[PDB]
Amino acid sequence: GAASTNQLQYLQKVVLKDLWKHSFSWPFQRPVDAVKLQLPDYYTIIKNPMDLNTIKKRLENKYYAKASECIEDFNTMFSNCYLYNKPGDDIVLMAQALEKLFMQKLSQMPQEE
């Protein structure tokens, strides 16, 4: 069947790779194991966990019909961090740096019609 939209191809081939390679990506690479990571009440507060590997697998397996739902998963990743943690926390600065890069790469995505 038809390949994914040109925007989803960009998200997979350009955006995901660039965020993964950023030096601050390591907290965001894999699903949060809150017990192992000593994060109390994480699953009570964060009802929709999301991470880069999950997004990667979704892109590789045609989970998304269009780019907006993939963009929303990247945004849930960042928002989960902002909600659970506190202003001034180093992890928040890390998420903010990845999010700034994300916005930069989205601005270079091909335009829809």
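For clarity, a rigid core is taken as the largest C-alpha set superposing within 1.5 Å between two forms. Residue numbers here begin at 1 and follow the sequence given.
- prompt: 37 to 45 versus 66 to 74: which one's CA atoms end up farther from this form in 9 other deposited structures of this protein after a core fit?
  reply: Most displaced of the pair in 9 other deposited structures of this protein: 37 to 45.
task: Averaging the C-alpha B factors as listed in the entry, name the stretch that ends up higher: 35 to 43 or 71 to 79.
output: In the deposited entry, the stretch with the higher C-alpha B-factor mean is 35 to 43.
message: Can you tell me whether 94 to 102 has a higher mean C-alpha B factor than 5 to 13 in this record, or the other way round?
response: On average, C-alpha B-factors are higher across 5 to 13.
- request: Please rank the C-alpha B-factors of the chain's modelled residues and tell me whether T54 sits in the lowest, middle or highest third.
  value: Lowest third - that is where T54 ends up once the chain's C-alpha B-factors are sorted.
- prompt: What third of its chain's C-alpha B-factors does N85 belong to: lowest, middle or highest?
  reply: CA B-factor rank for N85: lowest third.
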